[PDB]
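**Q** Dropping a structure here in structure tokens format, bear with me for questions.
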Amino acid sequence: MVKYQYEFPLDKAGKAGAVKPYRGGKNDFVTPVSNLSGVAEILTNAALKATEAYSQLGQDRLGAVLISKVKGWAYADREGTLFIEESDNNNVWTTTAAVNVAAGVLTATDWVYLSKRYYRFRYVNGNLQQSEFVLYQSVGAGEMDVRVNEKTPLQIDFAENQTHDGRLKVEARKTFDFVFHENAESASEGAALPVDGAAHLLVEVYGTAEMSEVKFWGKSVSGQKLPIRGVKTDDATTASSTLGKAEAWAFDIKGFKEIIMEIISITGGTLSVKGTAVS
Amino acid sequence: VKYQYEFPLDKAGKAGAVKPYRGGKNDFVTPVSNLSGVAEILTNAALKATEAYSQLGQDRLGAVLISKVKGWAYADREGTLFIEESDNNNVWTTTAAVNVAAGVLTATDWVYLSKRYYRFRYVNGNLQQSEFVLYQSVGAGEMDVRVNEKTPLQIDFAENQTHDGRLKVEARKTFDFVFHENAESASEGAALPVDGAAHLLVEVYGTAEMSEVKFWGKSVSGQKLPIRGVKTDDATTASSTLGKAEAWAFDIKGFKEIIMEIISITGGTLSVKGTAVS
Amino acid sequence: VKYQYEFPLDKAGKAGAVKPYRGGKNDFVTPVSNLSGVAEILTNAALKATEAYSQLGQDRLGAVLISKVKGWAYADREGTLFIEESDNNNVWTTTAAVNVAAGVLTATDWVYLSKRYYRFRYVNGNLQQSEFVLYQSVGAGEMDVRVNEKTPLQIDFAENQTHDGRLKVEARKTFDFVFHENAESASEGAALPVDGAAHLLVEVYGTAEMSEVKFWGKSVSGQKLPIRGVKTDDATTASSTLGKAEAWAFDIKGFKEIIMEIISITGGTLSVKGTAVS
Amino acid sequence: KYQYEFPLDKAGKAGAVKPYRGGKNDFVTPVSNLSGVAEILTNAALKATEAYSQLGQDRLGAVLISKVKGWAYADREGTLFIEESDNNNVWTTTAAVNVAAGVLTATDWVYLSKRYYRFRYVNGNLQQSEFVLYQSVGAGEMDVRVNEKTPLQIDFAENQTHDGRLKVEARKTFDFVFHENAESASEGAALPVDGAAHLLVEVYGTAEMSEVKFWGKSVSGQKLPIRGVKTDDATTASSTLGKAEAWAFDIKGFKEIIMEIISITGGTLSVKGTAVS
Amino acid sequence: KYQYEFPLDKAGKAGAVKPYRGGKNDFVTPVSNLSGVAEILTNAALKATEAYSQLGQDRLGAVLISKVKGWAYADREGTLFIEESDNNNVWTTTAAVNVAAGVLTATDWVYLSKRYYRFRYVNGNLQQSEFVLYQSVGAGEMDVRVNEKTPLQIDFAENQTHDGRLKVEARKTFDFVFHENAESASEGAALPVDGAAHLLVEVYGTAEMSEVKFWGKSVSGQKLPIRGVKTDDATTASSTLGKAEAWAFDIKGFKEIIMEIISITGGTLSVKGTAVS
């Protein structure tokens with residue numbers, strides 16, 4: 001039962017308390033506290049021979065205080081390596097973190113959030129015997145709900161990885177494929193493309209049909225089919241229909257609700273009509 | 001029963017649950033933990049194959065108002081841990097469930113509670129356990145905090161909100177507009193507010209046997225100005241039409257309003273409607 | 001009355017409201033909860049149909065300065081819970097109200113207080129209760145915190161702010177500009193700063209019987225350069241006009257300023273105004 | 001003695017704790033940061049126009065005061081001032097709040113910078129019959145780690161949206177000098193295209209004769225002729241003998257743009273442009 | 001023995017608590033994180049140019065010190081240094097603040113890394129008559145969950161905003177090699193369009209004769225002829241017999257772009273491009 005160097009102040013009535021006075025006239029009191037994550041245990045200060053290891057006994061996280069995380073500090077006069085390790089059986093260990101400890105340089109791990117039942121520190125001394133060594137361990141637990149004050153907006157920044165030239169990198173372009181007809185054997189309107197944010201459409205017409213006619217249609221507000229014009233990729237022909245195949249037609253579809261590529265007629269085989277819409 | 005820890009004494013021999021600090025160890029601080037960091041062991045009784053442990057319903061209402069719960073299970077054989085809630089302490093619904101592998105400490109998330117009663121129920125798998133522990137933590141309350149403004153917070157986006165390392169945005173807006181619906185006689189009809197659109201497609205349709213639609217924009221003066229549209233079927237460019245069952249494309253960037261005026265109509269009605277796009 | 005918990009004793013037999021921790025259970029920590037996690041039971045007296053429970057006004061002013069309040073109600077029949085405030089402890093205004101369903105634990109939000117006094121008022125519905133409890137939590141203060149910078153925070157947007165899994169953005173900017181207003185004589189007028197615009201629509205209008213407007217841009221040197229516009233009614237392209245009651249569209253990408261100079265005017269006045277768009 | 005009573009544990013030991021868990025067999029100490037505590041500074045009713053002035057409070061001490069907040073309640077109107085001083089003699093006002101009759105009025109948290117703080121309350125034109133003034137102070141700063149499990153929901157200022165959409169600026173512009181007062185033929189400086197799609201180039205100076213040739217570079221690094229469009233008359237060309245003119249170029253896909261002076265006599269020539277995304 | 005007095009509960013038990021609730025029938029312990037506590041290091045007035053140096057403070061202990069903050073007040077100007085050492089012998093300065101005469105001056109929180117910390121204060125050219133130096137330390141880190149109910153209001157750096165709009169970059173660019181020093185006919189590599197709208201293709205090399213044919217692929221996977229526009233003269237074609245030239249393509253809607261060398265004699269040919277969104 002040893003006495004320490006700090007002394008508890010006494011209140012007006014001579015009662016001791018682990019408090020500090022405050023306010024102008026020192027007539028109020030407050031208890032200084034620290035979350036247990038700010039406390040450390042010294043695990044060892046025994047100097048190691050060259051190559052010798054210190055191994056903490058496995059620490060069970062399960063208890064009255066449920067340990068969630070661990071952090072370490074090592075100081076030695078010669079270089080070594082600190083390992084933070086975990087085990088579900090307190091027998092076979094995996095390394096969760098490892099830090100090189102330079103000679104005469106205090107070295108800290110990060111907070112390591114634990115998942116297996118048992119944790120330990122293992123410190124392996126390098127090729128020179130230590131004359132001085134200390135190893136400290138902090139643990140934490142729990143999680144507090146907080147409400148962020150709404151008075152001041154939070155200032156945010158983006159990763160160097162999310163910017164370029166001091167600007168946030170965005171992607172505005174959307175693309176989708178669509179089947180108007182697949183291996184059609186007879187005349188029909190086929191499926192209607194929903195324009196939904198696209199501005200541009202490329203339509204390919206292809207198949208075995210020996211004769212076919214495709215008519216290009218859009219629908220606007222009334223729901224009636226309206227003829228539209230496309231531009232053929234190979235020769236820049238502009239037309240509102242085609243008798244050809246093995247060809248592709250580009251359309252400006254901004255403002256339409258739907259696009260229909262109707263097979264007006266077909267004989268002697270089948271025809272597919274498919275496209276890609278881009279915003 | 002006494003424990004292995006010992007409270008330090010101050011200079012005057014007074015015990016306290018404190019630690020010393022500062023260079024000369026002449027200051028003191030009380031180590032604390034929010035109650036969310038504390039756990040209760042609910043059971044360590046090994047279960048037979050398929051046997052369940054069911055905690056009695058825990059009332060959230062009391063001097064400490066329980067807001068959330070978290071569990072840890074460890075067993076030498078596989079099982080399933082359920083966190084459950086009830087408003088009547090009789091019929092239970094499952095709020096969360098976790099598979100517990102053999103010999104693997106398994107934790108739930110924090111579960112935020114809404115009904116009056118909570119419990120853990122653990123169902124052992126097809127092999128009898130030889131070792132089992134189940135721990136329960138609870139929390140309560142909410143503290144107001146003020147975030148230090150010194151350094152901006154670094155943020156990142158869900159894998160589901162990015163693509164090529166770029167944030168996915170949608171810049172395009174579209175709206176439909178009625179200039180005229182089943183108009184029977186000449187008039188200007190309603191004026192489209194351009195409001196951030198750049199492009200407009202106008203359909204003219206109806207039973208009218210004869211009609212003339214004139215295309216107008218308004219800029220800063222408020223006076224009508226003739227504008228030209230492009231007909232979709234043949235790329236005719238004009239500032240008016242005598243036709244119907246047709247659609248006209250306009251570049252409307254810079255205009256305040258667009259008007260599609262029926263100059264004349266006989267022998268039926270006419271609708272004029274469009275879609276504006278940014 | 002003694003309670004069911006028992007404080008552990010340290011090695012020297014000293015009791016403390018602590019828990020042991022570390023492998024050898026030779027360290028101690030005091031479990032705590034912010035007062036926001038504590039509740040008081042206000043009443044458990046069953047109410048008749050339509051009967052109200054009204055808490056006496058609670059003064060926020062005292063050694064603990066109450067900033068916020070939250071409530072929980074449980075009853076076997078439906079009712080309504082009100083959180084109310086008063087500056088005189090006599091006339092009350094409702095700050096929050098929640099419907100409480102039969103047999104469903106119901107919580108208010110945290111209500112941040114402004115007047116001097118707060119209270120709960122609970123009004124039972126049309127059926128007499130056989131079971132009722134009403135709990136009240138209060139909080140106070142605000143702690144400064146520093147958020148760890150190690151991991152960027154994950155952010156998410158409201159369902160309200162996305163569409164199709166993309167953030168809704170607005171990339172278009174528009175502004176109006178006066179080159180000339182009711183000009184009576186020749187001058188350059190005001191110079192439009194291009195500042196992010198790509199497109200410009202300019203209207204020329206007024207009483208002037210004769211006028212000439214010349215279209216200019218300035219680039220890096222600051223010398224005036226002739227530019228060409230496209231008239232909306234007939235797609236005439238020109239670098240000046242003798243006309244009015246007309247509008248001219250310009251591509252202004254790359255220019256620093258745009259000037260619409262009145263070269264000459266007789267017999268009235270002339271306005272020249274436009275809208276610039278990105 | 002107050003109205004609260006500490007509970008006793010199983011062994012009859014008192015503690016400032018509450019029981020919890022189903023069997024009430026665990027204990028927890030209720031706490032509050034000192035920022036949630038208040039001191040009543042005064043309840044003495046003031047005459048019309050009379051002021052209450054708190055003595056200067058030194059922030060420096062065992063508890064290092066970082067911030068202060070006030071609450072005032074009076075049956076007549078007045079004004080509460082929060083003030084600071086480095087010498088406890090000359091005072092500057094950091095905050096001021098009007099206090100209406102019969103309305104509890106709070107300041108914000110005021111973060112302090114000078115050594116001493118005080119409240120000063122000035123009563124209005126009517127004598128008070130009832131008055132209380134409360135003061136809370138805070139201190140310190142705790143390091144926290146925000147849970148990474150759940151994204152935070154964020155929203156934008158009314159000032160940063162329009163029509164429910166975030167306001168963005170996608171356009172970038174930069175100016176560039178190809179040549180400045182060139183006296184003799186050379187390639188001049190090469191514009192790095194870097195995200196621009198469009199370029200406007202002005203050619204101007206005293207040279208009596210000059211020829212500028214328009215070049216782009218792509219992947220190979222060899223110069224390739226490009227065409228521009230003159231602003232005044234929409235001439236399209238890959239070079240010019242003229243000056244006091246500007247040429248517009250589509251530069252999407254190029255790495256660099258060069259405006260080479262092929263020849264010049266009888267003066268100097270500048271060639272400068274603006275590139276836009 | 002201080003001026004504050006612990007209240008007594010109903011049973012006359014003292015406690016470091018405050019009462020609360022309307023009837024003052026509940027109790028709470030006022031607390032402060034240790035970061036809110038300060039130690040006075042010195043109040044000894046320094047002569048002109050004289051320094052105060054705190055003895056090195058070991059961070060390692062039962063409380064693991066993570067950070068430190070200082071406040072200085074003097075009637076004459078000086079400089080406060082926060083310093084660190086791994087050996088308690090050689091010191092490096094981590095932070096430094098000028099302290100004006102008669103102005104309370106604070107450092108920021110300094111997060112420590114070496115084993116030992118200290119304050120060193122150097123007085124300026126005039127002897128002090130009044131001086132105090134205070135030191136706060138902190139430790140630990142608490143896991144917190146930010147309430148999901150209310151969106152946070154967020155703001156962007158002055159550096160990321162312009163005209164009240166967030167600065168974004170929507171344009172993406174990539175280079176692509178169709179052929180490099182090809183010696184014989186082949187299709188070469190196929191460009192994946194992947195979000196690009198525009199493509200500039202350069203054809204160059206030693207080949208004395210070559211033919212390149214321009215192809216796109218859409219949904220069927222069959223090659224489709226596409227037309228490009230040559231930069232030097234705005235020729236539009238779906239193939240070329242030339243080289244030392246560049247061709248611009250609109251590729252929106254295609255899945256892949258292929259630049260096929262149909263034939264080549266008398267040297268090699270490279271075909272490379274830049275695709276832009």
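Just remember, in the structure tokens the first chain shown is A, the second B, etc., residues are 1-based per chain, and ligands are 1-based in the order shown.
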Define the interface residues of chain A facing chain B as those within 6 Å, counting only C-alpha atoms, and report them as a ChimeraX atom specification.
**A** /A:3-7,32-36,64-66,88,116-117,141-143,145-149,155-158,169-172,227-229,255
**Q** Which RMSD value, in Å, follows from superposing chain D onto chain E on all C-alpha atoms in order by least squares?
**A**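 Result of the CA superposition: 0.3 Å.
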**Q** Have a look at atom CA of residue 4 of chain D and atom CA of residue 25 of chain D and let me know their distance in Å, one decimal.
**A**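 Separation of atom CA of residue 4 of chain D and atom CA of residue 25 of chain D: 20.9 Å.
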**Q** Least-squares superpose chain B onto chain C - every C-alpha atom, paired in order - and show me the moved coordinates as a CSV table (one decimal) with C-alpha atoms, in the first residue's frame.
**A**
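The result, stored in part_12.csv:
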```csv
chain,number,residue,atom,x,y,z
B,1,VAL,CA,-33.2,-0.3,0.8
B,2,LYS,CA,-30.1,-2.1,-0.6
B,3,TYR,CA,-29.8,-3.1,-4.2
B,4,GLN,CA,-28.7,-6.4,-5.9
B,5,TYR,CA,-25.3,-5.2,-7.1
B,6,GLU,CA,-22.2,-5.3,-5.0
B,7,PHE,CA,-19.0,-3.2,-5.4
B,8,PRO,CA,-15.8,-5.3,-5.7
B,9,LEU,CA,-13.1,-4.8,-3.2
B,10,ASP,CA,-9.4,-4.2,-4.2
B,11,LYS,CA,-6.5,-6.3,-2.8
B,12,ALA,CA,-6.5,-4.1,0.4
B,13,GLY,CA,-10.3,-4.6,0.9
B,14,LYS,CA,-11.3,-1.1,-0.5
B,15,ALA,CA,-14.6,-0.9,-2.3
B,16,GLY,CA,-15.0,0.9,-5.6
B,17,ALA,CA,-17.5,1.2,-8.4
B,18,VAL,CA,-15.0,-0.5,-10.8
B,19,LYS,CA,-14.5,-3.5,-12.9
B,20,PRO,CA,-11.2,-5.5,-13.2
B,21,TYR,CA,-9.5,-5.9,-16.6
B,22,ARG,CA,-6.3,-7.1,-18.3
B,23,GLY,CA,-5.2,-10.8,-18.4
B,24,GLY,CA,-4.4,-10.9,-14.7
B,25,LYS,CA,-7.4,-8.7,-13.6
B,26,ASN,CA,-4.9,-6.4,-12.0
B,27,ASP,CA,-6.2,-3.2,-13.5
B,28,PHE,CA,-9.5,-1.3,-12.7
B,29,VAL,CA,-11.9,0.9,-14.6
B,30,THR,CA,-15.0,2.8,-13.6
B,31,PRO,CA,-18.1,2.1,-15.8
B,32,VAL,CA,-19.8,5.3,-16.6
B,33,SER,CA,-22.8,6.6,-18.6
B,34,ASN,CA,-23.6,10.0,-19.9
B,35,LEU,CA,-26.7,11.3,-18.0
B,36,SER,CA,-28.6,11.1,-21.4
B,37,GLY,CA,-28.7,7.3,-20.8
B,38,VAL,CA,-30.5,7.6,-17.4
B,39,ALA,CA,-34.2,7.8,-17.2
B,40,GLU,CA,-36.8,8.9,-14.6
B,41,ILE,CA,-40.2,7.1,-14.5
B,42,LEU,CA,-42.7,10.1,-14.5
B,43,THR,CA,-45.8,8.1,-13.8
B,44,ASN,CA,-47.2,4.6,-13.8
B,45,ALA,CA,-50.8,5.6,-12.9
B,46,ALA,CA,-53.4,4.1,-15.3
B,47,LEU,CA,-55.5,6.8,-17.0
B,48,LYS,CA,-59.3,6.7,-17.6
B,49,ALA,CA,-60.5,7.1,-21.2
B,50,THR,CA,-59.6,10.5,-22.5
B,51,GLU,CA,-57.8,11.4,-19.3
B,52,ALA,CA,-54.4,13.3,-19.5
B,53,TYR,CA,-51.2,13.1,-17.5
B,54,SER,CA,-49.4,16.5,-17.4
B,55,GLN,CA,-45.9,16.7,-15.9
B,56,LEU,CA,-45.3,19.9,-13.9
B,57,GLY,CA,-43.1,22.3,-15.9
B,58,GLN,CA,-39.4,21.4,-15.6
B,59,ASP,CA,-37.0,24.3,-15.4
B,60,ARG,CA,-34.0,23.8,-17.7
B,61,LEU,CA,-31.9,26.3,-15.7
B,62,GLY,CA,-30.0,24.9,-12.8
B,63,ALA,CA,-26.6,23.4,-11.9
B,64,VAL,CA,-27.2,21.0,-14.8
B,65,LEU,CA,-28.2,22.9,-17.8
B,66,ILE,CA,-30.7,20.7,-19.6
B,67,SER,CA,-30.3,20.9,-23.4
B,68,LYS,CA,-32.5,18.0,-24.7
B,69,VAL,CA,-35.2,15.5,-23.6
B,70,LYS,CA,-36.5,12.2,-24.8
B,71,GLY,CA,-39.5,10.1,-23.8
B,72,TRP,CA,-40.7,6.5,-23.9
B,73,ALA,CA,-44.3,5.5,-23.4
B,74,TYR,CA,-45.8,2.0,-22.9
B,75,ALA,CA,-49.6,1.4,-22.3
B,76,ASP,CA,-52.0,-1.4,-22.9
B,77,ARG,CA,-54.3,1.0,-24.8
B,78,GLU,CA,-53.6,3.7,-27.4
B,79,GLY,CA,-52.8,7.3,-26.5
B,80,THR,CA,-50.7,10.3,-27.6
B,81,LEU,CA,-47.4,11.6,-26.0
B,82,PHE,CA,-46.6,15.3,-26.3
B,83,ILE,CA,-43.3,17.0,-25.5
B,84,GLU,CA,-44.0,20.7,-24.8
B,85,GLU,CA,-42.2,23.9,-23.9
B,86,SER,CA,-43.0,27.2,-22.2
B,87,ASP,CA,-41.1,30.4,-21.4
B,88,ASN,CA,-43.5,31.2,-18.6
B,89,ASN,CA,-44.4,27.8,-17.2
B,90,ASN,CA,-48.0,28.7,-17.9
B,91,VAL,CA,-48.7,28.8,-21.7
B,92,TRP,CA,-47.3,25.7,-23.5
B,93,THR,CA,-46.5,24.9,-27.1
B,94,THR,CA,-46.1,21.4,-28.5
B,95,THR,CA,-42.6,20.7,-29.8
B,96,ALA,CA,-43.2,17.0,-30.7
B,97,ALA,CA,-46.0,14.5,-30.6
B,98,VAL,CA,-46.1,10.7,-31.1
B,99,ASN,CA,-49.1,8.3,-31.5
B,100,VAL,CA,-48.7,5.5,-29.0
B,101,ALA,CA,-50.2,2.2,-30.1
B,102,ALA,CA,-51.6,-0.4,-27.6
B,103,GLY,CA,-48.9,-2.7,-26.2
B,104,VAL,CA,-46.1,-1.1,-28.3
B,105,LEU,CA,-43.1,0.7,-26.6
B,106,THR,CA,-43.0,4.1,-28.3
B,107,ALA,CA,-40.1,6.5,-28.2
B,108,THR,CA,-39.8,10.2,-29.2
B,109,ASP,CA,-36.7,11.5,-30.8
B,110,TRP,CA,-34.3,13.6,-28.8
B,111,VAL,CA,-35.9,17.0,-28.7
B,112,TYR,CA,-33.4,19.9,-28.4
B,113,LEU,CA,-35.0,22.5,-26.1
B,114,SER,CA,-35.2,26.3,-26.5
B,115,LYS,CA,-37.7,27.7,-24.0
B,116,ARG,CA,-37.1,27.7,-20.3
B,117,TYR,CA,-39.5,24.9,-19.2
B,118,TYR,CA,-40.3,21.5,-20.7
B,119,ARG,CA,-42.9,18.9,-19.8
B,120,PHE,CA,-44.4,15.7,-21.1
B,121,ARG,CA,-48.2,15.5,-21.5
B,122,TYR,CA,-49.8,12.2,-22.3
B,123,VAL,CA,-53.5,12.0,-23.4
B,124,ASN,CA,-55.1,8.5,-23.2
B,125,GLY,CA,-57.4,7.5,-26.0
B,126,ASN,CA,-61.0,6.2,-25.8
B,127,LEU,CA,-60.2,3.2,-23.7
B,128,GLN,CA,-59.2,3.1,-20.0
B,129,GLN,CA,-55.6,1.9,-19.4
B,130,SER,CA,-54.8,-1.1,-17.2
B,131,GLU,CA,-51.0,-0.6,-17.6
B,132,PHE,CA,-49.0,2.5,-18.3
B,133,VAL,CA,-45.4,3.7,-17.8
B,134,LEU,CA,-43.8,6.9,-19.0
B,135,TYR,CA,-40.0,7.5,-18.9
B,136,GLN,CA,-38.0,10.7,-19.4
B,137,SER,CA,-34.3,11.1,-20.2
B,138,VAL,CA,-32.5,14.5,-20.4
B,139,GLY,CA,-29.1,15.5,-21.6
B,140,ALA,CA,-26.7,18.4,-21.3
B,141,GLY,CA,-23.4,19.8,-22.6
B,142,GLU,CA,-21.2,19.2,-25.7
B,143,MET,CA,-17.8,17.7,-25.9
B,144,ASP,CA,-15.1,18.8,-28.4
B,145,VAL,CA,-13.8,15.8,-30.4
B,146,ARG,CA,-11.0,15.2,-32.9
B,147,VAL,CA,-11.9,12.6,-35.5
B,148,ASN,CA,-9.2,10.0,-36.3
B,149,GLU,CA,-7.9,10.7,-39.8
B,150,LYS,CA,-6.6,7.2,-40.5
B,151,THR,CA,-9.6,5.9,-42.5
B,152,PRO,CA,-11.7,8.4,-44.7
B,153,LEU,CA,-15.3,8.5,-43.7
B,154,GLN,CA,-17.8,6.7,-46.0
B,155,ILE,CA,-20.6,9.1,-47.0
B,156,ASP,CA,-23.8,8.6,-48.9
B,157,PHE,CA,-26.5,11.0,-50.2
B,158,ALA,CA,-30.2,11.3,-49.5
B,159,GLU,CA,-32.6,9.3,-51.8
B,160,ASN,CA,-33.7,12.9,-52.5
B,161,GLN,CA,-30.3,13.9,-53.7
B,162,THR,CA,-29.7,11.0,-56.1
B,163,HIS,CA,-31.5,9.6,-59.2
B,164,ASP,CA,-30.2,6.6,-61.1
B,165,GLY,CA,-27.7,5.8,-58.3
B,166,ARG,CA,-26.1,9.1,-59.4
B,167,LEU,CA,-25.8,12.5,-57.6
B,168,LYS,CA,-28.0,15.2,-59.1
B,169,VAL,CA,-25.9,18.2,-60.1
B,170,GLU,CA,-26.6,21.4,-61.9
B,171,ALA,CA,-23.8,22.6,-64.2
B,172,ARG,CA,-25.6,25.3,-66.1
B,173,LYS,CA,-25.3,29.0,-65.2
B,174,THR,CA,-27.1,31.9,-66.9
B,175,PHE,CA,-26.9,35.7,-66.5
B,176,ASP,CA,-28.5,38.7,-68.3
B,177,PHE,CA,-26.5,41.7,-69.4
B,178,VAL,CA,-27.1,45.2,-70.7
B,179,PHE,CA,-24.9,46.4,-73.5
B,180,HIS,CA,-27.0,49.5,-74.2
B,181,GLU,CA,-30.3,50.7,-72.7
B,182,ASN,CA,-32.2,53.4,-74.6
B,183,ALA,CA,-29.0,54.6,-76.3
B,184,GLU,CA,-29.4,57.9,-78.1
B,185,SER,CA,-26.0,58.1,-79.8
B,186,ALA,CA,-23.1,55.9,-81.0
B,187,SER,CA,-20.9,54.2,-78.4
B,188,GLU,CA,-19.3,50.8,-77.5
B,189,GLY,CA,-21.6,50.4,-74.5
B,190,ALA,CA,-20.9,48.0,-71.7
B,191,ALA,CA,-18.6,44.9,-72.2
B,192,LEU,CA,-20.0,41.5,-71.2
B,193,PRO,CA,-17.5,39.5,-69.1
B,194,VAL,CA,-17.6,36.0,-70.6
B,195,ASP,CA,-16.7,34.3,-67.2
B,196,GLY,CA,-17.6,30.7,-68.0
B,197,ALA,CA,-20.4,31.3,-70.5
B,198,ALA,CA,-20.2,29.5,-73.8
B,199,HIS,CA,-23.3,30.9,-75.6
B,200,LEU,CA,-24.9,34.3,-75.9
B,201,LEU,CA,-28.3,35.5,-77.2
B,202,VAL,CA,-28.5,39.2,-78.0
B,203,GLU,CA,-31.7,41.2,-78.6
B,204,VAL,CA,-31.6,44.5,-80.5
B,205,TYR,CA,-34.8,46.6,-80.0
B,206,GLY,CA,-36.1,50.2,-79.8
B,207,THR,CA,-37.6,53.2,-81.6
B,208,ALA,CA,-34.4,54.2,-83.6
B,209,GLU,CA,-35.4,54.6,-87.2
B,210,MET,CA,-31.8,53.8,-88.3
B,211,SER,CA,-29.0,52.0,-86.4
B,212,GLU,CA,-26.0,49.9,-87.0
B,213,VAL,CA,-24.7,47.4,-84.3
B,214,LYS,CA,-21.3,45.8,-84.8
B,215,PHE,CA,-20.4,42.6,-83.0
B,216,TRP,CA,-17.1,42.4,-81.2
B,217,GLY,CA,-15.2,40.1,-78.9
B,218,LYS,CA,-12.0,40.7,-76.9
B,219,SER,CA,-9.4,38.0,-76.4
B,220,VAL,CA,-5.9,38.3,-74.8
B,221,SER,CA,-4.6,41.5,-76.4
B,222,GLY,CA,-7.6,43.6,-75.3
B,223,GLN,CA,-8.2,44.7,-78.9
B,224,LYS,CA,-11.7,44.4,-80.4
B,225,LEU,CA,-12.1,41.5,-82.8
B,226,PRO,CA,-15.1,41.1,-85.2
B,227,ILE,CA,-17.3,38.1,-84.4
B,228,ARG,CA,-20.2,36.5,-86.3
B,229,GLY,CA,-23.7,35.9,-84.9
B,230,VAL,CA,-26.7,33.9,-86.2
B,231,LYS,CA,-30.1,35.6,-86.5
B,232,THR,CA,-32.8,33.5,-84.9
B,233,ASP,CA,-35.5,34.0,-87.5
B,234,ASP,CA,-33.6,33.1,-90.7
B,235,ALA,CA,-30.2,31.9,-89.6
B,236,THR,CA,-28.4,34.8,-91.3
B,237,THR,CA,-24.8,34.9,-90.2
B,238,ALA,CA,-23.2,38.3,-89.9
B,239,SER,CA,-20.7,40.4,-87.9
B,240,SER,CA,-23.1,43.4,-87.7
B,241,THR,CA,-26.7,44.4,-88.3
B,242,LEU,CA,-28.7,47.4,-89.6
B,243,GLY,CA,-31.9,45.8,-88.1
B,244,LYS,CA,-33.8,45.7,-84.8
B,245,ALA,CA,-36.6,43.6,-83.3
B,246,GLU,CA,-34.2,40.8,-83.8
B,247,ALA,CA,-32.0,38.4,-81.8
B,248,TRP,CA,-28.5,37.1,-82.6
B,249,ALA,CA,-26.9,33.9,-81.2
B,250,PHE,CA,-23.1,33.8,-80.6
B,251,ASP,CA,-20.6,31.1,-79.6
B,252,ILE,CA,-18.5,33.0,-77.2
B,253,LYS,CA,-16.2,30.2,-75.8
B,254,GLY,CA,-12.7,31.4,-75.6
B,255,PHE,CA,-13.5,35.2,-75.5
B,256,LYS,CA,-12.8,37.4,-72.5
B,257,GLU,CA,-15.5,40.0,-73.3
B,258,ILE,CA,-18.2,40.7,-75.8
B,259,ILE,CA,-19.1,44.2,-77.0
B,260,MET,CA,-22.2,45.2,-79.1
B,261,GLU,CA,-21.2,48.6,-80.4
B,262,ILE,CA,-23.7,51.1,-81.8
B,263,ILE,CA,-21.8,52.4,-84.8
B,264,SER,CA,-24.6,54.9,-85.7
B,265,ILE,CA,-28.2,55.7,-84.7
B,266,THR,CA,-30.8,58.3,-85.8
B,267,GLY,CA,-34.4,59.0,-85.1
B,268,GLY,CA,-35.0,57.3,-81.7
B,269,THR,CA,-33.2,55.1,-79.2
B,270,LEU,CA,-31.9,51.5,-79.1
B,271,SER,CA,-31.5,48.9,-76.4
B,272,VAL,CA,-29.1,45.9,-76.7
B,273,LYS,CA,-29.4,43.3,-74.1
B,274,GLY,CA,-28.6,39.6,-73.9
B,275,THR,CA,-28.5,36.3,-71.9
B,276,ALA,CA,-25.3,34.4,-71.6
B,277,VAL,CA,-25.4,30.6,-70.8
B,278,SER,CA,-22.7,28.1,-69.9
```
**Q** Looking only at the backbone, which of the residues in segment 26-79 of chain E does DSSP tag as strand (DSSP E), as a PyMOL selection string?
**A** chain E and resi 26-33+39-42+51-53+57-58+67-74+78-79
**Q** Under the rule that only C-alpha atoms are counted, which of E:182, E:14, E:112, E:146 is the nearest residue to chain C?
**A**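 Ranked by minimum distance to chain C, first place goes to E:146.
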**Q** Which residues are near residue 238 of chain D? Cut-off 12 Å, only C-alpha atoms, ignore same chain within fewer than 5 positions. Put them as a list in words.
**A**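 The filter keeps residues 211, 212, 213, 214, 215, 216, 224, 225, 226, 227, 228, 229, 230, 247, 248, 249, 258, 259 and 260 of chain D; 231, 232, 233 and 234 of chain E.
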